>>> print(open('upload16.txt').read())   # compact mmCIF, C-alpha atoms
# COMPACT_ATOMS: atom_id res chain seq x y z
CA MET R 1302 13.62 -6.88 3.57
CA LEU R 1303 12.24 -5.20 0.45
CA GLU R 1304 10.29 -3.48 3.20
CA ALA R 1305 13.23 -1.07 3.26
CA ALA R 1306 15.14 -1.38 -0.01
CA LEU R 1307 12.12 0.21 -1.72
CA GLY R 1308 12.41 3.39 0.33
CA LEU R 1309 16.10 3.90 -0.42
CA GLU R 1310 17.13 6.77 -2.66
CA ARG R 1311 17.81 4.11 -5.32
CA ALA R 1312 14.59 2.14 -5.67
CA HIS R 1313 13.61 0.67 -9.05
CA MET R 1314 10.76 -1.25 -10.70
CA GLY R 1315 11.69 -4.90 -10.14
CA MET R 1316 11.30 -4.50 -6.37
CA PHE R 1317 7.58 -3.69 -6.20
CA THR R 1318 7.00 -6.37 -8.85
CA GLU R 1319 8.73 -9.35 -7.22
CA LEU R 1320 7.37 -8.04 -3.91
CA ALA R 1321 3.94 -8.91 -5.31
CA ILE R 1322 4.95 -12.47 -6.23
CA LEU R 1323 5.03 -12.82 -2.45
CA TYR R 1324 1.94 -10.81 -1.46
CA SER R 1325 0.19 -13.04 -4.08
CA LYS R 1326 -0.19 -16.74 -3.39
CA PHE R 1327 0.80 -16.02 0.25
CA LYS R 1328 -0.32 -13.05 2.39
CA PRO R 1329 -3.68 -12.03 0.85
CA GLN R 1330 -5.03 -9.08 2.87
CA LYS R 1331 -2.08 -6.66 2.50
CA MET R 1332 -1.62 -7.70 -1.14
CA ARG R 1333 -4.25 -5.09 -2.10
CA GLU R 1334 -2.76 -2.57 0.32
CA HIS R 1335 0.35 -2.63 -1.91
CA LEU R 1336 -1.05 -2.38 -5.45
CA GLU R 1337 -3.43 0.48 -4.63
CA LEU R 1338 -0.18 2.28 -3.77
CA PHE R 1339 2.40 0.95 -6.20
CA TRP R 1340 0.67 0.37 -9.55
CA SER R 1341 2.74 2.62 -11.83
CA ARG R 1342 6.17 1.36 -10.76
CA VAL R 1343 5.57 -2.30 -11.66
CA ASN R 1344 5.00 -4.95 -14.35
CA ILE R 1345 1.52 -6.26 -15.17
CA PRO R 1346 1.44 -9.15 -17.68
CA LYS R 1347 3.76 -11.37 -15.62
CA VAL R 1348 1.99 -10.41 -12.39
CA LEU R 1349 -1.24 -11.88 -13.76
CA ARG R 1350 0.31 -15.36 -13.65
CA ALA R 1351 1.10 -14.56 -10.03
CA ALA R 1352 -2.37 -13.03 -9.83
CA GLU R 1353 -4.41 -15.71 -11.60
CA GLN R 1354 -1.87 -17.79 -9.67
CA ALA R 1355 -3.53 -16.21 -6.67
CA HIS R 1356 -7.26 -15.61 -7.28
CA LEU R 1357 -7.15 -12.32 -5.31
CA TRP R 1358 -10.06 -11.04 -7.48
CA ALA R 1359 -10.65 -7.99 -5.29
CA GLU R 1360 -7.14 -6.80 -6.25
CA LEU R 1361 -6.73 -8.97 -9.35
CA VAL R 1362 -9.65 -7.01 -10.82
CA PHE R 1363 -8.35 -3.53 -9.95
CA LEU R 1364 -5.21 -4.46 -11.89
CA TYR R 1365 -7.20 -5.09 -15.08
CA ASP R 1366 -9.11 -1.86 -14.35
CA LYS R 1367 -6.18 0.56 -14.39
CA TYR R 1368 -4.59 -1.78 -16.93
CA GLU R 1369 -7.70 -0.74 -18.87
CA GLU R 1370 -8.41 -4.40 -19.65
CA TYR R 1371 -12.07 -3.98 -18.57
CA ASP R 1372 -13.40 -6.87 -20.66
CA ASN R 1373 -11.45 -9.01 -18.16
CA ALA R 1374 -11.86 -6.84 -15.06
CA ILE R 1375 -15.61 -6.96 -15.66
CA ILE R 1376 -15.41 -10.74 -16.09
CA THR R 1377 -13.80 -10.93 -12.64
CA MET R 1378 -17.29 -10.20 -11.31
CA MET R 1379 -18.98 -13.03 -13.21
CA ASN R 1380 -17.47 -16.06 -11.48
CA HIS R 1381 -16.23 -14.00 -8.54
CA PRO R 1382 -19.28 -12.07 -7.18
CA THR R 1383 -18.84 -11.61 -3.45
CA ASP R 1384 -15.06 -11.17 -3.97
CA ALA R 1385 -14.44 -8.07 -6.03
CA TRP R 1386 -17.88 -6.85 -7.11
CA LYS R 1387 -18.90 -3.41 -5.82
CA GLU R 1388 -22.48 -2.49 -6.73
CA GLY R 1389 -21.69 0.40 -9.07
CA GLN R 1390 -18.01 -0.58 -9.20
CA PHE R 1391 -19.16 -2.80 -12.07
CA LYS R 1392 -21.10 0.12 -13.58
CA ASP R 1393 -18.12 2.24 -14.71
CA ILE R 1394 -16.05 -0.44 -16.47
CA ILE R 1395 -18.44 -1.88 -19.06
CA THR R 1396 -18.80 1.46 -20.91
CA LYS R 1397 -15.11 1.31 -21.85
CA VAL R 1398 -15.29 -2.06 -23.61
CA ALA R 1399 -15.40 -2.64 -27.38
CA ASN R 1400 -17.39 -5.89 -27.20
CA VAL R 1401 -21.08 -5.46 -26.36
CA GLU R 1402 -21.63 -9.21 -25.92
CA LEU R 1403 -20.38 -9.30 -22.32
CA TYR R 1404 -23.28 -6.99 -21.43
CA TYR R 1405 -26.12 -9.34 -22.44
CA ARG R 1406 -24.68 -12.28 -20.49
CA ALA R 1407 -24.02 -9.60 -17.87
CA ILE R 1408 -27.67 -8.63 -17.58
CA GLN R 1409 -27.68 -12.16 -16.14
CA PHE R 1410 -25.56 -11.59 -13.05
CA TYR R 1411 -27.78 -8.53 -12.59
CA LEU R 1412 -30.99 -8.87 -14.61
CA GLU R 1413 -31.02 -12.68 -14.44
CA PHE R 1414 -31.40 -12.56 -10.66
CA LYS R 1415 -30.30 -9.01 -9.81
CA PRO R 1416 -33.58 -7.04 -9.69
CA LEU R 1417 -33.97 -3.49 -8.37
CA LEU R 1418 -30.78 -1.76 -9.46
CA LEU R 1419 -30.41 -3.87 -12.62
CA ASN R 1420 -32.66 -1.29 -14.36
CA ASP R 1421 -30.48 1.54 -13.05
CA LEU R 1422 -28.02 -0.83 -14.70
CA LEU R 1423 -29.96 -0.32 -17.94
CA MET R 1424 -29.30 3.47 -17.62
CA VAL R 1425 -25.74 4.47 -18.58
CA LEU R 1426 -25.61 1.78 -21.34
CA UNK T 65 40.83 -19.77 -10.52
CA UNK T 66 39.37 -23.20 -11.28
CA UNK T 67 36.88 -22.98 -8.38
CA UNK T 68 34.85 -19.94 -9.39
CA UNK T 69 36.16 -20.03 -12.97
CA UNK T 70 35.51 -23.74 -13.45
CA UNK T 71 32.04 -23.25 -11.95
CA UNK T 72 31.14 -20.40 -14.30
CA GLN T 91 18.86 -29.08 -6.31
CA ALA T 92 21.04 -30.68 -3.62
CA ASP T 93 18.18 -31.83 -1.32
CA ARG T 94 14.80 -31.52 -3.19
CA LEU T 95 12.33 -31.65 -0.26
CA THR T 96 11.79 -28.64 2.07
CA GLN T 97 13.49 -27.18 -1.03
CA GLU T 98 10.54 -27.83 -3.38
CA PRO T 99 7.64 -29.90 -1.83
CA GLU T 100 7.03 -26.98 0.67
CA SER T 101 5.31 -25.66 -2.42
CA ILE T 102 2.60 -28.20 -1.54
CA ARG T 103 1.84 -26.18 1.60
CA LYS T 104 1.28 -22.87 -0.13
CA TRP T 105 -0.56 -24.88 -2.82
CA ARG T 106 -2.30 -26.95 -0.14
CA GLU T 107 -4.05 -24.31 1.97
CA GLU T 108 -4.86 -22.17 -1.17
CA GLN T 109 -7.03 -24.93 -2.65
CA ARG T 110 -9.03 -24.77 0.55
CA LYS T 111 -8.75 -20.94 0.14
CA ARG T 112 -10.44 -22.03 -3.13
CA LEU T 113 -13.59 -23.70 -1.82
CA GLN T 114 -15.92 -20.91 -0.56
CA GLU T 115 -16.97 -18.48 -3.30
CA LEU T 116 -18.27 -21.25 -5.49
CA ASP T 117 -20.24 -23.05 -2.85
CA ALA T 118 -21.00 -19.71 -1.17
CA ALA T 119 -22.35 -18.52 -4.59
CA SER T 120 -25.42 -20.80 -5.14
CA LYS T 121 -26.18 -21.24 -1.37
CA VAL T 122 -26.70 -17.52 -1.06
CA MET T 123 -27.72 -17.15 -4.74
CA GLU T 124 -30.55 -19.59 -3.80
CA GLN T 125 -32.07 -17.79 -0.79
CA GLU T 126 -31.79 -14.67 -2.91
CA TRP T 127 -33.20 -15.07 -6.39
CA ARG T 128 -36.11 -16.82 -4.74
CA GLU T 129 -36.74 -13.84 -2.48
CA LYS T 130 -36.85 -12.16 -5.87
CA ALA T 131 -39.47 -14.53 -7.17
CA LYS T 132 -41.62 -13.38 -4.23
CA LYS T 133 -40.59 -9.77 -4.97
CA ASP T 134 -42.39 -10.03 -8.28
CA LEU T 135 -45.05 -12.29 -6.77
CA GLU T 136 -46.17 -9.66 -4.29
CA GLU T 137 -45.87 -7.28 -7.24
CA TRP T 138 -48.74 -9.17 -8.88
CA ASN T 139 -51.01 -9.23 -5.81
CA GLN T 140 -51.06 -5.64 -4.53
CA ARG T 141 -51.22 -4.36 -8.11
CA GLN T 142 -54.19 -6.64 -8.99
>>> encode(input="upload16.txt", output="structure tokens")
Amino acid sequence: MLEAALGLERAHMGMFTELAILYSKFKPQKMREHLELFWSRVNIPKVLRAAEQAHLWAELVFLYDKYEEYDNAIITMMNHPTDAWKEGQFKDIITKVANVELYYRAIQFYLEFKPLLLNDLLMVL
Amino acid sequence: XXXXXXXXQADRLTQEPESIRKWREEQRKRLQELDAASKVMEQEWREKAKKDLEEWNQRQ
């Protein structure tokens, strides 16, 4: 239904938001489709308990990203490798964190076992 | 006046425990990653151990 109410001349914020509570712990796939589009017009703190309430890490991470909560977005690629990680996708978040600790343990997910292209990892830093 | 005015879970079952179904199949949507992690992390890091290994032979 929201599938239409959001296109009306009178669409607000709540729509997109609640709409996610559905895309969340239900229809995965499209769930990303949405966010990538509607990220400005929407809540974020509440969503995370509809997000961590759906481990959609691929999208759950992007949220943190634009949210600028990198420390956490980055973490979403520590216990969720295959799921959201993106080779260099992990390379442009770390630099915007205030805590350098994450890095060292990070070397692990990369340096620990991640060889060639862990050193390129040593680059930017 | 009393009806609406006086006013301002009748069958808790498909009305609440359906939440077990979303919750049910998501726990099995849970599985994966973890187990996938080490399985693959296994065949990998070891291929790494040989990466360096052959790095000691040729070089010598």
>>> atom_distance(input="upload16.txt", atom1="CA of residue 102 in chain T", atom2="CA of residue 1326 in chain R")
11.9 Å
>>> atom_distance(input="upload16.txt", atom1="CA of residue 1377 in chain R", atom2="CA of residue 130 in chain T")
24.1 Å
>>> atom_distance(input="upload16.txt", atom1="CA of residue 1323 in chain R", atom2="CA of residue 105 in chain T")
13.3 Å
>>> closest_atom_pairs(input="upload16.txt", of="chain T", to="chain R", cutoff="12 Å", atoms="only C-alpha atoms", output="tab-separated table")
residue	atom	partner	partner_atom	distance
T:101	CA	R:1326	CA	10.5
T:102	CA	R:1326	CA	11.9
T:103	CA	R:1327	CA	10.3
T:104	CA	R:1327	CA	6.9
T:105	CA	R:1326	CA	8.2
T:106	CA	R:1326	CA	10.9
T:107	CA	R:1327	CA	9.8
T:108	CA	R:1326	CA	7.5
T:109	CA	R:1355	CA	10.2
T:111	CA	R:1356	CA	9.3
T:112	CA	R:1356	CA	8.3
T:113	CA	R:1356	CA	11.6
T:114	CA	R:1383	CA	10.2
T:115	CA	R:1381	CA	6.9
T:116	CA	R:1380	CA	8.0
T:117	CA	R:1381	CA	11.4
T:118	CA	R:1383	CA	8.7
T:119	CA	R:1382	CA	7.6
T:120	CA	R:1382	CA	10.9
T:122	CA	R:1383	CA	10.1
T:123	CA	R:1414	CA	8.3
T:124	CA	R:1414	CA	9.9
T:125	CA	R:1414	CA	11.2
T:126	CA	R:1414	CA	8.0
T:127	CA	R:1414	CA	5.3
T:128	CA	R:1414	CA	8.7
T:129	CA	R:1414	CA	9.9
T:130	CA	R:1416	CA	7.2
T:131	CA	R:1414	CA	9.0
T:132	CA	R:1416	CA	11.6
T:133	CA	R:1416	CA	8.9
T:134	CA	R:1416	CA	9.4
>>> closest_residue(input="upload16.txt", among="R:1305, R:1422, R:1401, R:1408", to="residue 1388 in chain R", atoms="all atoms listed in the file")
R:1422
>>> residues_around(input="upload16.txt", residues="range 1332-1340 of chain R", least_positions_apart="2", cutoff="9 Å", atoms="all atoms listed in the file", output="PDB file with C-alpha atoms, in the frame of the given file")
ATOM      1  CA  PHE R1317       7.580  -3.690  -6.200  1.00  0.00           C
ATOM      2  CA  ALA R1321       3.940  -8.910  -5.310  1.00  0.00           C
ATOM      3  CA  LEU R1323       5.030 -12.820  -2.450  1.00  0.00           C
ATOM      4  CA  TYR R1324       1.940 -10.810  -1.460  1.00  0.00           C
ATOM      5  CA  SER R1325       0.190 -13.040  -4.080  1.00  0.00           C
ATOM      6  CA  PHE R1327       0.800 -16.020   0.250  1.00  0.00           C
ATOM      7  CA  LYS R1328      -0.320 -13.050   2.390  1.00  0.00           C
ATOM      8  CA  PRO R1329      -3.680 -12.030   0.850  1.00  0.00           C
ATOM      9  CA  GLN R1330      -5.030  -9.080   2.870  1.00  0.00           C
ATOM     10  CA  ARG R1342       6.170   1.360 -10.760  1.00  0.00           C
ATOM     11  CA  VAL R1343       5.570  -2.300 -11.660  1.00  0.00           C
ATOM     12  CA  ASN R1344       5.000  -4.950 -14.350  1.00  0.00           C
ATOM     13  CA  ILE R1345       1.520  -6.260 -15.170  1.00  0.00           C
ATOM     14  CA  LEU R1357      -7.150 -12.320  -5.310  1.00  0.00           C
ATOM     15  CA  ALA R1359     -10.650  -7.990  -5.290  1.00  0.00           C
ATOM     16  CA  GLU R1360      -7.140  -6.800  -6.250  1.00  0.00           C
ATOM     17  CA  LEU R1361      -6.730  -8.970  -9.350  1.00  0.00           C
ATOM     18  CA  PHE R1363      -8.350  -3.530  -9.950  1.00  0.00           C
ATOM     19  CA  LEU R1364      -5.210  -4.460 -11.890  1.00  0.00           C
ATOM     20  CA  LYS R1367      -6.180   0.560 -14.390  1.00  0.00           C
TER      21      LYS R1367
END
>>> build_atoms(input="upload16.txt", residues="range 113-128 of chain T", atoms="N, CA and C atoms", output="JSON list (two decimals), in the frame of the given file")
[["chain", "number", "residue", "atom", "x", "y", "z"],
["T", 113, "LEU", "N", -12.33, -23.42, -2.54],
["T", 113, "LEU", "CA", -13.59, -23.70, -1.82],
["T", 113, "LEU", "C", -14.35, -22.36, -1.72],
["T", 114, "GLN", "N", -15.27, -22.20, -0.76],
["T", 114, "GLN", "CA", -15.92, -20.91, -0.56],
["T", 114, "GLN", "C", -16.78, -20.39, -1.69],
["T", 115, "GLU", "N", -16.38, -19.23, -2.20],
["T", 115, "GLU", "CA", -16.97, -18.48, -3.30],
["T", 115, "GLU", "C", -17.97, -19.32, -4.05],
["T", 116, "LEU", "N", -17.44, -20.34, -4.72],
["T", 116, "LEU", "CA", -18.27, -21.25, -5.49],
["T", 116, "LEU", "C", -19.43, -21.71, -4.65],
["T", 117, "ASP", "N", -19.16, -22.58, -3.68],
["T", 117, "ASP", "CA", -20.24, -23.05, -2.85],
["T", 117, "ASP", "C", -21.02, -21.89, -2.22],
["T", 118, "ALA", "N", -20.31, -20.85, -1.78],
["T", 118, "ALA", "CA", -21.00, -19.71, -1.17],
["T", 118, "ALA", "C", -22.02, -19.15, -2.16],
["T", 119, "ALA", "N", -21.57, -18.98, -3.40],
["T", 119, "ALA", "CA", -22.35, -18.52, -4.59],
["T", 119, "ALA", "C", -23.82, -18.86, -4.78],
["T", 120, "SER", "N", -24.08, -20.17, -5.01],
["T", 120, "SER", "CA", -25.42, -20.80, -5.14],
["T", 120, "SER", "C", -26.23, -20.83, -3.82],
["T", 121, "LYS", "N", -25.57, -21.18, -2.71],
["T", 121, "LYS", "CA", -26.18, -21.24, -1.37],
["T", 121, "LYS", "C", -26.98, -19.96, -1.17],
["T", 122, "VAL", "N", -26.21, -18.87, -1.22],
["T", 122, "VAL", "CA", -26.70, -17.52, -1.06],
["T", 122, "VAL", "C", -27.50, -17.13, -2.32],
["T", 123, "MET", "N", -27.02, -17.51, -3.50],
["T", 123, "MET", "CA", -27.72, -17.15, -4.74],
["T", 123, "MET", "C", -29.15, -17.73, -4.76],
["T", 124, "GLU", "N", -29.30, -18.84, -4.04],
["T", 124, "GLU", "CA", -30.55, -19.59, -3.80],
["T", 124, "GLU", "C", -31.58, -18.77, -3.00],
["T", 125, "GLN", "N", -31.25, -18.56, -1.72],
["T", 125, "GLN", "CA", -32.07, -17.79, -0.79],
["T", 125, "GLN", "C", -32.38, -16.39, -1.32],
["T", 126, "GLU", "N", -31.62, -15.98, -2.33],
["T", 126, "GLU", "CA", -31.79, -14.67, -2.91],
["T", 126, "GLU", "C", -32.77, -14.60, -4.07],
["T", 127, "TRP", "N", -32.35, -15.11, -5.22],
["T", 127, "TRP", "CA", -33.20, -15.07, -6.39],
["T", 127, "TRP", "C", -34.63, -15.50, -6.09],
["T", 128, "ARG", "N", -34.78, -16.35, -5.08],
["T", 128, "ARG", "CA", -36.11, -16.82, -4.74],
["T", 128, "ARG", "C", -36.86, -15.70, -4.04]]
